[PDB]
Every structure is written in C-alpha cells, then in structure tokens.
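Just one chain is shown here, as structure tokens, and it is the form solved without 5-fluorouracil (URF).
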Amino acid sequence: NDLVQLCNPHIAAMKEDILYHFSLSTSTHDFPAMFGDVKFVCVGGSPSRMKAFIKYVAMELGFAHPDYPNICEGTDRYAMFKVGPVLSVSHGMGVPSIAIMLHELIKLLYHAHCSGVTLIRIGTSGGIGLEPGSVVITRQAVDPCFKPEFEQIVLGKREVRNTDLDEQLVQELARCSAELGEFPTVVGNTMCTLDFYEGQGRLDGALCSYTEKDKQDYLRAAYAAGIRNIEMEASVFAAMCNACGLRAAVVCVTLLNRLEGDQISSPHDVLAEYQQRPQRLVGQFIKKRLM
C-alpha cells in the first residue's frame, strides 16, 4: 500500500507537468481527485481492447447499469477509461509506443498519490510448445537471446534493467486462473522482440536469410530456456515497473503454436473466445482483491 514514486527528481521541481499524449496537465487537472482511488491499472495495445475491458469489468464488478468516456482526447495516441478503482489504458504497438505511455502513466499515478497499485499488461502472443488458446503468465520478459534484461541507451550509454515480473503476483494470478477452470494457464518466460518479421524468425518478410529449419532450431532453443510465448511490448513494461518499484504482471493468450508453423488455423469464433481470456483472468484477479 505504498505511494507511487518516480526516478526523476526533475518532476518535483516543475511548476507544471504536462502529459502530452493524454492531454492532461497538473495545472489543468486535479490528479488526486481524478485518479487517487485507482488501485488496478490494466494496459494493452488497442483502444478498442481496452474499452471492452473496462465495460467487461464494470459489469463483473457490479458497477454496470442499464457511458464509458475516453479520458484522453480522441485525437491522442492513447485511450484511457476508468470505472471505480480500475483504470484501463491503451499503449499502441511496439516498445517505443508503450514506453511513452508508461512514462506518462507512472507520472499520473504519482501526481494522483495512488497507493497499493497493481499494473497488468493483457494481450495476444505467439505460443511455443503450448496449444493455441493457452494463457501465459509471464515470469520474466526475456530478450531474443533469452536474457531477462532490457537495454536502452541514455546519452549514448547502455543501461540494463532487470525484467522479472512480480513473483507473488504471478502466483496469485495462477491461483485466480485455477479458480476459473476455463482454459489452460502456465507460468513461463515471454520473449519480447523489437521486430516482427526478422526478429521473430518469420519466413514471410521482405527480408529473410534463414530457413524453416533454422527457425525451428531457434524456437526449440527458446523453449528449452523456459520461454512459452513471444510478443512485442513485455520487456519495457517489466523494466520500467521494476525501476519504479511497481508491482506488475503480463497476461497473454497464445493464438497459435509456432512449432507447428505460423499458420493461425483456429476458426473465427474460437479466436474471439481466445481473445477474451486475458481479460477474464484479470477480472477474476480484480474481483478477488476487492472481496
């Protein structure tokens, strides 16, 4: 139940902190009033996924009523929705987009004096050695060399941050999923890549110097190292939350088993079912925490 803190002393010295991509500012908005009661922050790539998540949990939590306005301006690159102690924010695609969102979200939570906060990324992913539809709760977000580190250059120098997710939080999410009994859920590592076509070893980019055999040997090697899925935003998320001492999780459903090739052969109705599994799990986590 600790207050959210920053790793940037400059913020406290600023007369006004503008959150450029949310169209929010400390001089135009009252952060404690707007967000002080936030305890749960769920993030994911698309505005439509995150609006559906907020409607879903509104219903599940008994806040629903027979609406959910974007807190950001329609013109902003991120969307944001709130019901009760739950905040939902989209982060767009790729490491650079999520990082910007996270910088501004973390400052928001700080300005609002939030406490005892939990952050969880939900989304889809390519599985390795699991049946399609399996949910992975990420233990470590790992780089394409299987290391639990995320690197960035600050002023021309490399800085490396650990990408472990919160350990007690992964166990709790595992117990939550057991309680549901609706779909397979495993604890595994998640490989996060900067590039989709060559970075995930696909064979259908404009540039490919390797073969299906090469790709397999790499995927099998990843599996042997504890990796069960692949996506493109987990590493920064884990690294930044770790830096700021925030309790964070990643919960992604697999859409295919890449060991069987890159074809997504599940029928539309099945996929629509798979897509909502991260959201069901997170809603049960939130439900249980509130009870």
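In case it trips you up, residue 1 is the first one in the sequence shown, and so on. Heads up, when I say rigid core I mean the largest set of C-alphas that superpose within 1.5 Å between the two forms.
Not pictured, yet referred to below: the form solved in complex with 5-fluorouracil (URF).
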Given the pose of 5-fluorouracil (URF) in the deposited bound form, superimposed here by the C-alphas around the site, does the shown chain leave the site open or is it blocked by 3 or more ligand atoms within 2.4 Å of backbone or C-beta atoms?
open
Contact with 5-fluorouracil (URF) in the deposited bound form, heavy atom within 4.5 Å, among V57, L246, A222, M232 goes to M232
Work out which of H103, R175, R202, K147 lies within 4.5 Å of 5-fluorouracil (URF) in the deposited bound form, going by heavy atoms.
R202
For 5-fluorouracil (URF) in the deposited bound form, the stretch among 57-65, 237-245, 24-32, 224-232 with residues bearing a heavy atom within 4.5 Å is 224-232
In the deposited bound form, does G129 have a heavy atom within 4.5 Å of 5-fluorouracil (URF)?
no
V38 near 5-fluorouracil (URF) in the deposited bound form, any heavy atom under 4.5 Å?
no
4.5 Å heavy atom contact, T163 and 5-fluorouracil (URF) in the deposited bound form
no
Is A52 part of the interface with 5-fluorouracil (URF) in the deposited bound form - any heavy atom within 4.5 Å?
no
All three of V135, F183 and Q284 touching 5-fluorouracil (URF) in the deposited bound form at 4.5 Å, heavy atom to heavy atom?
no
Are there residues in 242-260 with a heavy atom within 4.5 Å of 5-fluorouracil (URF) in the deposited bound form, and which are they, in order?
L255, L256, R258
Core-aligned C-alpha movement of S48 between this form and the one not shown, 2 Å or more
no
Superposing on the rigid core, is the Cα displacement of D269 between this form and the one not shown 2 Å or more?
yes
Would the C-alpha of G181 be classed as shifted by 2 Å or more between this form and the one not shown after rigid-core alignment?
no
